[PDB]
Ligand SMILES: Nc1ncnc2c1ncn2[C@@H]1O[C@H](COP(=O)(O)OP(=O)(O)NP(=O)(O)O)[C@@H](O)[C@H]1O
Ligand SMILES: [Mg+2]
């Protein structure tokens, strides 16, 4: 859910999980400089991987 | 007669009709009129010769002689009244029989015209039911006209309710600006095979027809071969369906095989594989053997039919060789396909651990019980008597064998399992000798699942295992209907509705105690019953009642199964819409019909269609009510979603939280409902691919609009019915003080039929309701004109645009129309001259995240061009912002146009005005939806006024009772103190003051705080307060036009505080 | 990870705690119910005057504070009397309270 | 216990006992709850069963129990001793999922 | 395990009890497969009575 702002200085990335606060973080945000990455699946354990 | 139930009750009709038709079969009667009467009788009129009226050999008229002997005599025997009108010998007669008593034949008017008429009323003191199945009757008469090439049969049903769908072809549209059917088939058996191969879709075009005159008989055969996978070879011996077989069948088969071998020299089950044929024999002295009274014995008929078939069959192949060629290219295909089918080390093979077989080696004393795994799997396996009972629990899904090829049938595990248990083969490999259990007891629930399974198995046994039914090895468990649960005594089990009252009264009268709300248990599932209960009530031979599945007409049963289980959706749809207001030998065609309708409707009402009155399916209704009754009103603070889900799950809808929360959420989502019924808190997803948060996290409560949906439900404004565990009462419909169906819309597909109603504006809808309220006495044609105009079209929450107004006017005037929807795109240039189209509005039901991707993948595969980027800049603060970057070479106007072309940015909404009107699925016009809602609202008001009057004359009685005690307080208090017990004090009150046991208990249960001066005056003033209300509601009842007004004003108020400005703009 | 004795003793210990926690609460409740019955029994002796008082006061709050002026008791004890249903003033039921 | 399903009183459908747990104590999917309910009802599972069931409660084989709408279940004389005087502040209490 | 017989003359071993937590139907299965695979010989038949 990318923000308007092109400049990374003023940009902001919010990493959620769609199941938790995806739908709502997407609504609440100042879309001018805020982007939402709702994690919609199972993340792996990258330790001994 | 055969049965005291429905099976035997119909046999009377056949015993009457069969005489009238075998008169037409003599060639004297042209038309037979069959009338199912409103009361309970049956009228069978005809234009035959006339029943012999004059005095017989005995001395009493021949009409009376035929009515009390061998036949039709049994009709009069089992009749409370049987009238016989005869038109013969230049005059017409009366002859009436009162409870089988031949009273007298009065000769009136001189009729030079011939015929007869029999009107008989069945005895309810003898039969369980006196209600005849129209479809059962309808089907058997249809074949009666097929067998006789020049006869008309006219069936009419009188007891048809004012509204109900009567039509054979139920119109997919409009339906607006006595069930009758006529049978006449000039083709004969030719017309019959056309009817058979209608759906089967035949290879060749030439129907084989030939007639064989006999030395004491007469045969007629019609044939056609199909693409289909089975033999539809229906046989008849004197209008009787010889389903078992007989010499005419085995003579035609000999002569048919000895004909297909002569034409194989040119260029068994094998041949027959395709064929749909009809053998119609006439035998002078026919005698039938068989386990059923069917199966023609007559050995000379074999030699006659084989001689007729030999000569006439070869002849067709000689004269029509071009079709004869495509016949053998199906027959030899059948051979090599089932040849290849044919074709392990130290194996038991006997169903590993998916069955629990009986100790008994002998099949004669052995019983197999086919149960559903989760239904009676464990309880049957344990309750049983292992010495002779086996349990095959079906742990899986059963295929709809009806149209499928024997390949997919035998693959399906649950089908494959059954065959392995019985031991007998399949079609060719089938040998009844190998039968391992001499009783097959199918046990399944009354629930929508159990009925769905019964249909599936009765389809299978009828097709792939017909001998098992005929020989009478297939049964149906008859489990208890009720469990009368006494407090001190052990429970008694009732199987009948009548039997319950029996044990209920007698038991109470004998001095027993039962709860008078939840005291009786109506079973729905076998899962309910304990192991012990299961043996004592439905498994033990010493107590049980079984139901023997008997086939009574295979040709009519072929029809029933080809409709409900077949591939013809429009025939099936129609049947459902017609039949919507719905030890012992049982008919297959009637169990199969009841089980189908019950399942068909449960899946229709439950998930497919909204009610016309309140627009909801039961789940939403049950969420809203559990919420209301739990007190999650808008005044009070939100409750965790889980709480509402739990309250619905535990009391009204006991199926997994899954669907319950899924509906709760939809009613909360402002992009889902035009007028949201739920007021949510937290993450309730997005119009993209974002789900809502867990039920444990989100919170919801009713909206003040949903409060109008519920408004005064507690005041007996709707009919309540007992919930799944008959512990509480659940409403059949919600009051709906605003028109929910049209206001919010409705979608849904289930069992062939689907609905798709759009959402509308409440303000525009109130206008049309006020018009209907006011202009209460106006024509369907005028009121439809008025509703359109007030209502200017659908008003989607997601807003957008409605392009044109034909599909809009279509769906209003018919009930089916296509509504074009478009999205609002704005254009904004950058800073570096880079233009970009920004989607601000998208049509209703288009998924946001699924849309962006569509464009992305369309651009990726070249189908979309001039697009360099897509961004979702949408938030709650800046609405929808799907930002499409367009190239500097590309023209923004054409890109906007190409998106309107390919993508979801433009999509037409297909409207379907389907709704459950009086339990009947119905396609409706805008005015009908309006007038049915006003109907509801006017009922709601009188009912509300009724309860209010009752619940006031109730209170006033008490208050008058209390006031009486306040003035007599010194006496009242000095009395109570002197009396030793409460009941002694209560008796003294009824003495002292002329009051009721209820007015006196009001005094006793009265707290001391209520005696302080202000509170006495509170009771004094309350009585005169309530007495003023009583005066009013008496008037409200008295004046119906005053109630019409209440509706208007109460609804204006709702649109004056909750109505809103039109979201989507209608354009052209 | 525990031996058999570790499990037996941790059990016994919890039962011994369950008893004291109960007895403490039972006693805590027994004195609560006692002061109430003490309140009502006191009111049963003055019953004539008690009844005379309640009806002589317009509101329940004048009657409540009047029920502490009359009988030397507390607001919880005075609310126990006011909420007393008339039925509880028949001979057998008055004897149940005493 | 809180819902009053003592062994004195008649059997309540499993769905009522399930809905209550899910309602204000454990707000998850009914399967996890009902599965626990069913275990305490099975005499081949618990040596001393805590649930007095009624209906198809599966088998020690591959037979599942019936739907929660069908089976009925209540507490056991022994499970009553497990809850013996919980109302009497014999144990510590904590606030539930919503509080 | 009890060992009944003298019916037709043929002997059989009837399992009257099984250790705690063995799935009955997965056990009958287990035996039957071993028998099909030859791994368990002598067993001519298995059934839940
Ligand atoms: N419309 C009719 N006109 C003249 N005679 C009739 C008519 N309908 C019935 N009958 C006569 O009524 C008689 C009595 O009926 P019934 O006892 O059923 O004998 P049946 O028809 O020979 N045998 P069944 O095969 O059992 O119907 C018949 O034998 C006919 O002769
Ligand atoms: Mg007859």
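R0 = 30 Å: FRET efficiency of residue B:1020 with residue B:508, Cβ-based, nearest 0.05?
Values: r = 43 Å, r/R0 = 1.45.
Plugging the Cβ-Cβ distance into 1/(1 + (r/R0)^6) gives 0.10.
From Cα pairs below 8 angstrom and at least 6 apart in sequence, can you work out the relative contact order of chain A, rounded to a whole percent?
Working: 62 pairs, mean separation 22.5, N = 49.
Relative contact order, chain A: 46 percent.
Using a basic spin-label model with each label point 7 Å from the Cα along Cα→Cβ, how many nm lie between residue B:167 and residue C:23?
Modelled inter-label distance: 8.5 nm.
Let me check against my output: what whole-number percent is the relative contact order of the stretch B:935-1068, with C-alpha pairs under 8 Å and at least 6 apart?
Numbers: 78 pairs, mean separation 49.4, N = 134.
Value for the stretch B:935-1068: 37 percent.
For the protein assembly as shown, state the semi-axes of the equivalent ellipsoid (square roots of 5 times the eigenvalues of the alpha-carbon gyration tensor), sorted largest first and rounded to whole angstrom.
On the way: eigenvalues 771, 405, 340 Å².
Semi-axes from the Cα gyration tensor: 62, 45, 41 Å.
Restricting things to alpha carbons, tell me how big chain D is in terms of Rg and Dmax, in Å.
Looking at chain D, its Cα Rg and Dmax stand at 13.9, 42 Å.
What does the helix-only formula give at 222 nm for chain C: each DSSP H stretch with n ≥ 4 adding -39500 (n - 2.57), the total divided by the residues, and the result rounded to the nearest 500 deg cm²/dmol? Don't skip to the end; give the middle numbers.
On the way: 5 runs with 78 residues, N = 98.
My calculation for chain C gives -26500 deg cm²/dmol from helical runs alone.
Using 7 Å Cα-to-Cβ label points, what is the residue B:532/residue D:93 separation (nm, one decimal)?
The answer from the label model is 3.6 nm.
With all distinct Cα pairs included, what does the Kirkwood hydrodynamic radius of chain A come out to in Å, to one decimal, could you say?
Details: mean 1/r = 0.0846 Å⁻¹.
Across chain A, the inverse of the average 1/r is 11.8 Å.
Using r as the Cβ-Cβ distance of residue B:777 and residue B:918, and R0 as 22 Å, what FRET efficiency do you calculate, to the nearest 0.05? Walk me through the numbers before you get to the answer.
Working: r = 22 Å, r/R0 = 0.99.
FRET efficiency, residue B:777 to residue B:918: 0.50.
For each of B:476, A:13, B:151, count neighbouring Cβ atoms within 10 Å of the residue's Cβ, then give the residues from fewest to most.
Details: B:476 19, A:13 11, B:151 23.
So the ranking, lowest neighbour count to highest, is A:13, B:476, B:151.
In µm²/s, what is D for the stretch B:874-989 at 10 °C and 1.306 mPa s, where D = kT/(6 pi eta Rh) by Stokes-Einstein and Rh is the Kirkwood radius from Cα pairs? Before the final figure, lay out each step's value.
Working: Rh = 23.2 Å.
Estimated via Stokes-Einstein, D reaches 68 µm²/s.
Hey, got the average number of other protein chain Cβ atoms within 10 angstrom for residues in E:24-30? Can you show the working numbers first?
Values: counts 9, 12, 4, 3, 9, 5, 2.
Counting other chains' Cβ atoms within 10 Å and averaging over E:24-30 gives 6.
Could you please state, rounded to a whole Å, how far the C-alpha centre of the stretch B:826-899 is from the C-alpha centre of the stretch C:6-32?
70
Please give, to one decimal in nm, the separation of the simple spin-label points placed at residue B:878 and residue A:39, each 7 Å out from Cα toward the Cβ.
The two pseudo-label positions are separated by 2.7 nm.
Could you let me know the centre-to-centre spacing of the stretch B:231-284 and the stretch C:65-96, using Cα atoms, in angstrom?
So the separation of the two Cα centres works out to 98 Å.
Can you sort B:627, B:601, B:788 from fewest to most other Cβ atoms within 10 Å of each residue's own Cβ? Mind showing how you got there, number by number?
Working: B:627 26, B:601 23, B:788 18.
Neighbour counts put them in this order, fewest first: B:788, B:601, B:627.
So what's the gap between the Cα centers of the stretch B:791-807 and the stretch B:342-374, to the nearest angstrom?
62
Short version: what are the Cα gyration tensor semi-axes of the stretch B:932-1068, square root of 5 times each eigenvalue, largest first, in whole Å?
Taking √(5λ) for each Cα gyration eigenvalue gives 48, 16, 13 Å.
Dividing the Cα convex hull volume of the stretch B:1008-1059 by residue count, how many Å³ per residue is that?
Working: hull volume 5.6 nm³, N = 52.
Considering the Cα atoms of the stretch B:1008-1059, their hull volume per residue is 108 Å³.
Determine the equivalent ellipsoid of the stretch B:881-931 by diagonalising the alpha-carbon gyration tensor, then write out the semi-axes as square roots of 5 times the eigenvalues, largest first, rounded to whole Å. All intermediate terms of the calculation are to be shown ahead of the outcome.
Working: eigenvalues 391, 18, 17 Å².
Ellipsoid half-lengths, sorted descending, are 44, 10, 9 Å.
Rounded to the nearest 0.05, what FRET efficiency is calculated for residue E:14 and residue D:82 with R0 set to 45 Å and r the Cβ-Cβ distance?
0.75
Expressed as cubic angstrom per residue, what is the convex hull volume of the alpha carbon set of the stretch B:170-282?
180
Let me check against my output: what whole-number percent is the relative contact order of the stretch B:859-907, with C-alpha pairs under 8 Å and at least 6 apart? Can you show the working numbers first?
On the way: 47 pairs, mean separation 14.4, N = 49.
In percent, rounded to a whole number, it is 29.
Can you pull the mean other chain C-beta count within 10 Å for peptide B:714-725? Numbers along the way, then the final one.
Values: counts 0, 0, 0, 0, 0, 0, 0, 0, 0, 0, 4, 6.
Across B:714-725, the average partner-chain Cβ count within 10 Å equals 1.
Give me B:509, B:149 ranked fewest to most by other Cβ atoms within 10 Å of their Cβ, as a rough exposure proxy.
Numbers: B:509 8, B:149 16.
Placing the least packed residue first, the sequence is B:509, B:149.
Here, each number is a calculation from the coordinates, and none is a lab measurement. Heads up, the Cβs are rebuilt from the backbone with ideal geometry, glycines too, and the neighbour counts pull from every protein chain shown.
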